[PDB]
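Before any comments, here is the structure.
Chain A is the first sequence line, chain B the second, and so forth, proteins listed ahead of strands; every chain is numbered from 1. Just follow the structure's listing: the first ligand is 1, and inside any ligand the first atom is 1. Computed over heavy atoms, backbone and side chain alike; hydrogens, waters and symmetry mates excluded.
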Amino acid sequence: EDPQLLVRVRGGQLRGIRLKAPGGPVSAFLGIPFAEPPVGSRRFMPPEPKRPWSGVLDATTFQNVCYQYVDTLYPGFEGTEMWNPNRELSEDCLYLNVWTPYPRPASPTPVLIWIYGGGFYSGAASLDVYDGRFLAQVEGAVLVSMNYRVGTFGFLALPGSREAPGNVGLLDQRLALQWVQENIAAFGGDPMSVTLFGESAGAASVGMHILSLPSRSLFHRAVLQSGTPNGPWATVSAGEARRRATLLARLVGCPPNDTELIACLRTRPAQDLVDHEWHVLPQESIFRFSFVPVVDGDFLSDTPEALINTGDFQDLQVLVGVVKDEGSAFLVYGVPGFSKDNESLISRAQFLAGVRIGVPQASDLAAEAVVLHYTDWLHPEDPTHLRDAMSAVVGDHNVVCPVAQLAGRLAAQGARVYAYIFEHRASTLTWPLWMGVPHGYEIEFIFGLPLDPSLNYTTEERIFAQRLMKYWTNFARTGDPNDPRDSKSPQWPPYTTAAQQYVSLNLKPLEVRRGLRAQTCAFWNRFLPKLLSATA
Amino acid sequence: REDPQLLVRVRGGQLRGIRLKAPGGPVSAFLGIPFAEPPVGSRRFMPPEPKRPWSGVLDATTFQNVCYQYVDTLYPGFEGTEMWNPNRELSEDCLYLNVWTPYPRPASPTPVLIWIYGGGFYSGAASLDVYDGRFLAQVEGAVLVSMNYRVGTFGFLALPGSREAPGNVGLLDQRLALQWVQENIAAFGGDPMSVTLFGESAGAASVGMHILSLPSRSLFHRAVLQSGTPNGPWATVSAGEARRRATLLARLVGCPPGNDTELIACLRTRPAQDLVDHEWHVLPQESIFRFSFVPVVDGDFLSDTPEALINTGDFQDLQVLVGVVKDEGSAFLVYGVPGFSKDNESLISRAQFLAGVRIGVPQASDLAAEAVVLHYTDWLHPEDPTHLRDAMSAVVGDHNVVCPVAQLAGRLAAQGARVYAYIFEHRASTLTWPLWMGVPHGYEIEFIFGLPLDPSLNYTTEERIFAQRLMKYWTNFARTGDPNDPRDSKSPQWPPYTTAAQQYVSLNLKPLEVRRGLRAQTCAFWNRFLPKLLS
Ligand SMILES: Nc1ccc2c(c1)c(-c1ccccc1)[n+](CCCCCCc1cn(CCNc3c4c(nc5ccccc35)CCCC4)nn1)c1cc(N)ccc21
Ligand SMILES: Nc1ccc2c(c1)c(-c1ccccc1)[n+](CCCCCCc1cn(CCNc3c4c(nc5ccccc35)CCCC4)nn1)c1cc(N)ccc21
Ligand SMILES: *[C@@H]1O[C@H](CO)[C@@H](O)[C@H](O)[C@H]1NC(C)=O
Ligand SMILES: *[C@@H]1O[C@H](CO)[C@@H](O)[C@H](O)[C@H]1NC(C)=O
């Protein structure tokens with residue numbers, strides 16, 4: 001028995017496993033239960049703390065993936081399969097993982113907590129791209145990641161009911177955060193320096209913890225990559241979650257009031273619920289997800305828009321950013337004319353039609369406005385332009401402009417904000433060239449995977465990943481991503497509403513740019529709401 | 001006796017002209033030739049009638065009366081304004097034209113250029129210094145003709161459907177002068193089978209209206225439109241709106257409005273200056289770049305809106321040169337936008353910018369104005385008073401001239417026309433408007449007419465060569481339908497404007513540079529999105 005691999009937490013003893021990182025050993029504790037299995041009558045319910053266990057709990061393997069839809073568009077293609085469950089599906093999935101340095105840190109170390117994405121309908125903390133091994137080994141970080149319930153299991157809501165109050169997957173995350181406060185010191189983590197970070201839905205989740213008072217005492221800094229709590233896909237109104245839950249129930253034969261409806265849903269096999277998950281969306285669309293956090297008046301006291309507009313963010317530090325082609329990869333999930341297996345050169349007609357699908361809530365006038373803005377009037381019918389514009393429309397509406405308004409609002413209201421745009425395309429990428437640097441493809445680099453020589457990343461990419469791991473952990477450590485030794489430029493400046501400085505993350509040294517897609521986001525954040533607003 | 005080269009006969013009767021001095025040598029000039037019966041008394045508001053023949057030799061050595069007309073007094077003594085003001089007596093008796101020809105008159109029939117002045121349809125005169133045809137005549141061998149046409153109420157006050165005030169009579173004055181060139185210009189050595197209309201601002205819009213009005217089409221062969229178009233927000237009005245303004249003007253001088261004969265009769269008894277004193281008071285909103293009495297869509301001269309006629313017209317044979325100056329809007333701003341003056345830098349606040357946009361785009365709803373403001377804001381420096389000043393100028397320039405021109409070039413080119421397009425980017429060294437106004441509306445004319453060739457005017461040597469270059473493009477175009485020089489291989493070429501390639505040229509001190517899209521992103525906002533708003 002290795003004494004470094006034995007830990008006592010509140011609930012009992014645990015045995016981890018020494019894993020190999022290229023620079024040396026790390027201690028990993030995988031599959032640690034943080035809640036009572038949310039099964040049977042606990043489906044749709046807020047999670048309860050895990051009861052104490054006897055003996056030594058085996059924490060050497062990843063635990064089950066939360067029940068979710070599995071992608072079937074491109075079977076056995078790396079670019080999709082890399083996001084698919086890599087363990088057994090089960091409703092019994094409330095476990096987290098901890099990577100620490102080996103030997104365990106001598107003095108308390110800043111803690112990073114990862115929250116995965118997947119549109120609140122998918123994801124898992126066990127995917128190879130979320131491997132905490134590298135960050136633990138090179139930067140000496142204590143890295144934590146939890147599973148949280150997704151799809152119906154995490155977010156089906158009958159608002160105001162006792163037995164489907166909504167947002168429970170966000171409560172799973174909050175419970176993992178509390179678990180960290182109570183327990184991370186036993187691993188040599190510092191519960192007094194916790195940085196949340198996440199991508200896509202994970203980034204929106206981090207956003208939600210910023211916006212929810214009970215979460216605030218559980219972290220000190222935040223990183224939101226390619227996602228925000230504001231914007232068109234991350235939340236729904238109470239009225240709208242009730243409609244979808246009700247509709248899903250109708251779809252699976254329930255009922256033959258809220259209590260009855262939820263009791264009958266509870267009798268249904270998990271796959272029955274996933275079978276009809278997609279059919280509750282109000283419009284033909286892309287970048288919209290059936291079961292997401294609901295504006296409940298509880299976890300979320302008002303809309304994320306109202307909350308960001310009026311919040312006090314004085315002692316908060318935030319790192320936010322986007323990748324170069326946020327919307328490209330989404331296009332093949334519903335826009336006629338797009339495929340990964342050809343160059344996807346579209347007609348003008350295919351563009352107008354794709355806009356109604358990229359901006360599913362847009363009126364004729366509003367979609368006309370989108371079209372007229374994104375057209376290159378010098379080359380109005382050029383298929384390459386039209387394709388890139390369609391991708392641009394989706395990236396901007398869903399990620400880049402929501403990010404830009406989050407950054408401005410936080411900065412204006414006392415927070416310390418650092419922003420980036422990530423522009424390096426992975427040499428190993430399996431999606432076609434026209435998709436560029438798609439949603440999700442920075443993660444790989446932040447987590448330090450290019451340092452594994454067996455993964456065939458170029459030398460330049462390894463150095464690049466070393467730089468990114470240093471920014472992220474510098475940020476966790478201090479709230480400032482800059483290397484406090486060196487001494488030479490260019491320094492990453494804070495983002496502000498005046499100057500609007502952000503940096504390009506790519507193979508070249510940091511470049512400072514101003515204005516995060518400024519004219520275009522003004523279109524989305526200031527004009528379009530007004531459209532659309534008073535009419536209709 | 002008497003210079004034998006200055007005696008000519010027209011339909012008409014005998015004319016005596018004057019030998020004038022141009023820098024390169026003598027030109028012939030026949031100034032103040034009457035082409036209509038004086039449109040006075042029972043004839044105010046009425047279409048013009050042909051001038052009745054005279055006896056003896058009519059003296060044609062001095063400019064005749066300017067049409068009666070508001071005189072600018074915003075900046076008294078200031079050359080930037082006084083250069084546009086009347087330079088002869090104001091009279092309703094003003095329907096006269098001018099002819100410049102080489103001296104001695106040309107051997108073989110020469111291409112004719114007919115100038116039509118601007119001034120918002122409320123002002124202008126063919127006798128102004130900047131419209132002097134002596135240089136084009138002497139240097140290019142051109143026959144140049146310019147006419148006075150009635151402006152303001154006299155030219156354009158309309159009670160659509162009536163006998164007594166049908167509207168568009170100023171346009172009809174221009175047509176009559178065109179008919180006169182057909183019958184008579186051969187007497188001066190002009191070629192009636194090669195007549196090119198050119199004009200700037202309202203002159204340009206006028207030219208466009210002759211293109212769109214069938215009876216005018218047989219009277220010219222080619223057309224040049226400088227900083228103006230028949231389509232756009234200011235060049236025309238509906239029948240309903242012209243009726244409203246005429247009626248209101250009537251009231252103000254009242255003349256209590258009750259059929260149309262009684263009302264026009266009463267308006268007819270009013271003194272000219274009195275109509276001018278109230279002209280401005282009929283505008284539906286506080287505005288700039290809007291004029292009270294302009295061409296009306298009558299279903300006669302203009303069979304439908306200029307927009308409908310350009311969208312559906314067939315322009316197979318037509319050759320047009322079209323263009324704009326770098327700063328179309330700047331000088332309009334001192335005539336009504338709070339915050340702007342010629343005597344300071346006119347740095348403005350964001351509030352003053354929003355307030356200006358409502359005045360510059362007076363027909364706009366709150367939704368449309370906010371669209372304008374958001375489009376023109378520099379979101380990186382949204383409070384910068386220099387940028388706000390410049391945005392306000394572009395808002396006015398784009399809405400009133402650049403985008404209506406771009407729309408025009410696009411439609412004509414799509415429907416058979418050969419179109420050539422320019423942006424004029426040189427600031428006269430002699431300009432007296434402040435530096436912030438850039439190259440304002442009107443300030444290419446001076447160069448097209450070759451004024452810099454007069455050494456007494458203090459232009460630079462390069463300005464002299466530049467004016468020479470321009471006179472040469474314009475008269476090549478008149479001559480051949482192509483502004484390019486056929487012999488001159490090395491000089492850069494001026495390609496036609498097409499929908500596919502949207503090419504146009506920079507006119508400045510440097511050799512021609514070919515650019516693409518005038519000025520596509522922004523004009524898509526005005527011509528494609530904004531109407532669809534708005535509405
Ligand atoms: N016939 C059906 C039945 C059920 C579902 C179906 C289709 C679809 C669907 C599949 C193809 C085309 C249209 C629709 N869908 C739609 C899923 C597709 C939408 C997301 C795809 C996507 C694309 N990207 C950008 C590129 N990178 C990623 C991904 C994926 N996941 C992630 C997760 C985190 C970060 C990045 C990332 C997964 C897919 C591929 C790329 N992110 N997500 C379902 C969804 C449900 N919630 C429930 C059931 C079903
Ligand atoms: N208090 C009064 C009473 C009556 C009139 C008044 C004001 C005004 C006015 C004056 C100052 C400020 C606001 C309003 N106006 C306003 C007219 C002012 C708008 C025209 C000024 C202008 C400015 N530009 C651009 C610069 N270049 C030119 C000009 C002018 N003319 C020309 C003609 C062709 C090409 C260029 C050019 C004349 C003036 C200055 C510059 N073009 N035109 C009136 C108009 C009428 N039709 C009748 C009466 C009155
Ligand atoms: C310029 O003068 C005008 C009118 O006299 C005035 O309203 C404006 O405030 C002045 N602008 C500046 C920058 O001083
Ligand atoms: C031109 O130049 C001279 C200075 O050499 C000046 O005295 C004269 O008045 C000027 N004339 C004009 C029209 O500006």
Side-chain angles (χ1 to χ4, degrees), chain A residues 67-74 77-85 115-124 127 129-130 150-152 154-155 198-204 225-227 233 244 248 271 273-281 284-292 323 325-336 338-340 357 391 394-395 398-399 429-431 435-444, chain B residues 74 79 83 129 333-334 337-349 352 385-386 388-389 428-432 434 436 451 454-459:
Chain A
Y67 216 88
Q68 70 198 238
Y69 171 75
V70 173
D71 208 281
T72 47
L73 186 64
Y74 294 124
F77 164 65
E78 225 155 308
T80 58
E81 296 291 349
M82 66 173 287
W83 309 108
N84 267 344
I115 310 172
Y116 56 73
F120 299 102
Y121 75 84
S122 56
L127 307 180
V129 289
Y130 314 141
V150 294
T152 58
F155 303 97
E199 190 268 356
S200 206
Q225 299 170 218
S226 292
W233 57 268
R244 303 180 183 191
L248 184 81
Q271 193 57 41
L273 270 24
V274 174
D275 273 358
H276 288 279
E277 206 182 306
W278 184 263
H279 316 166
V280 300
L281 286 167
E284 195 180 347
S285 55
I286 44 154
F287 222 124
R288 296 288 186 275
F289 313 112
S290 291
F291 292 96
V292 298
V323 304
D325 303 286
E326 289 285 353
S328 58
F330 287 92
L331 301 181
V332 305
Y333 283 90
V335 192
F338 292 80
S339 164
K340 83 170 183 73
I357 292 180
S391 153
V394 170
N398 286 307
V399 179
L429 209 31
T430 47
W431 296 100
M435 285 186 180
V437 184
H439 190 68
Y441 289 88
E442 86 277 23
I443 301 163
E444 210 158 314
Chain B
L74 183 63
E79 160 128 24
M83 71 185 291
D129 279 7
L333 302 182
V334 293
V337 189
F340 293 87
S341 171
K342 87 172 182 67
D343 300 313
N344 70 44
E345 282 317 280
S346 298
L347 301 194
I348 54 154
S349 81
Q352 300 184 304
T386 304
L388 291 160
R389 174 248 270 157
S429 74
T430 66
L431 210 38
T432 57
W436 70 257
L451 268 69
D454 191 339
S456 79
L457 295 176
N458 293 345
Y459 292 86

- Message: Could you identify the single nearest non-hydrogen protein atom to atom 41 (C) of ligand 1 and state the distance to 0.1 Å?
- Response: A:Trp83 CD1, 3.7 Å
- Item | Close-contact set for ligand 1 against A:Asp71 heavy atoms, below 4.0 Å | 39 (C)
- Message: Using the rule given for side chain to side chain contact (heavy atoms under 4.5 Å, CB included), can you reason through A:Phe291 versus A:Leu248, listing the C-alpha separation, both sets of side-chain angles and the distance that settles it, and then say yes or no?
- Response: CA-CA 11 Å; A:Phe291 292 96; A:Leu248 184 81; 4.2 Å; yes
- Task: Indicate yes or no: does an N/O atom of A:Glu277 lie under 3.5 Å from an N/O atom of ligand 1?
- Result: yes
- Between A:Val332 and A:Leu73, is any pair of side-chain heavy atoms under 4.5 Å apart? yes
- Message: Restricting to side-chain contact (heavy atoms from CB on, under 4.5 Å), what partner residues turn up for B:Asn344, sequence neighbours left out?
- Response: B:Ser341, B:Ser346
- Query: Heavy atoms of the protein only: does one fall short of 4.0 Å from atom 30 (C) of ligand 1?
  - Reply: yes
- Which protein non-hydrogen atom lies closest to atom 24 (N) of ligand 1, naming both residue and atom, and how far is it? A:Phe330 CZ, 3.4 Å
- Query: So which protein heavy atom does atom 18 (C) of ligand 1 come closest to, and at what separation?
  - Reply: A:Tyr333 CD2, 3.3 Å
- Evaluate whether atom CG of A:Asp275 has more than 12 neighbouring non-hydrogen atoms of other residues, nucleotides or ligands under 6.0 angstrom away. yes
- Message: Using side-chain heavy atoms (C-beta onward) and a distance below 4.5 Å, is A:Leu127 in contact with A:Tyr116?
- Response: no
- In terms of residue, atom name and distance, what is the protein heavy atom nearest to atom 35 (C) of ligand 1? A:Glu199 OE1, 3.3 Å
- Item | Positive for side chain to side chain donor-acceptor pair (under 3.5 Å) with A:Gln225, one of A:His439, A:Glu442, A:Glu199 | A:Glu442
- Message: In the structure I gave you, are the side-chain heavy atoms of A:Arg288 and A:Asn398 within less than 4.5 Å of one another anywhere?
- Response: yes
- Does any non-hydrogen side-chain atom of A:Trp431 lie less than 4.5 Å from one of A:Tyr74? yes
- Message: I need the atoms of ligand 1 closer than 4.0 Å to a non-hydrogen atom of A:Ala329, numbered in the order shown.
- Response: 25 (C), 26 (C)
- Query: Relative to the ring of A:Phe289, is the ring of A:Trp233 parallel (under 30°), tilted (30 to 60°) or perpendicular (over 60°)?
  - Reply: perpendicular
- Query: Is the closest side-chain heavy-atom distance between A:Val274 and A:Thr152 below 4.5 Å?
  - Reply: no
- Item | Nearest non-hydrogen protein atom, atom 26 (C) of ligand 1 | A:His439 O, 3.1 Å
- Message: Please report whether the ring centroid of A:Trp83 lies less than 6.0 Å from that of A:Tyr69.
- Response: no
- Take atom 1 (N) of ligand 1 and look for protein heavy atoms under 4.0 Å from it; say yes if you find one, no if not. no
- List the closest protein heavy-atom neighbour of atom 17 (C) of ligand 1: residue, atom name, distance to the nearest 0.1 Å. A:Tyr121 OH, 3.7 Å
- Message: Quick test: of every protein heavy atom, which one is nearest to atom 45 (C) of ligand 1, and how far off is it to 0.1 Å?
- Response: A:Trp278 CE3, 3.3 Å
- Task: Considering only non-hydrogen protein atoms, determine which one is nearest to atom 6 (C) of ligand 1 and report residue, atom name and distance to 0.1 Å.
- Result: A:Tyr69 OH, 3.4 Å
- Item | Min side-chain heavy-atom separation A:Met82-A:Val129 under 4.5 Å | yes
Table of N or O contacts for ligand 3, cutoff 3.5 Å:
residue: ligand 3; atom: 2 (O); partner: B:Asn344; partner atom: ND2; Å: 2.5
residue: ligand 3; atom: 11 (N); partner: B:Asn344; partner atom: OD1; Å: 3.3
residue: ligand 3; atom: 11 (N); partner: B:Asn344; partner atom: ND2; Å: 3.0

- Side-chain heavy atoms of A:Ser290 within contact of A:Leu281, under 4.5 Å: yes
- Message: Side chain or backbone, does A:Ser200 bring an N or O within less than 3.5 Å of an N or O on ligand 1?
- Response: no
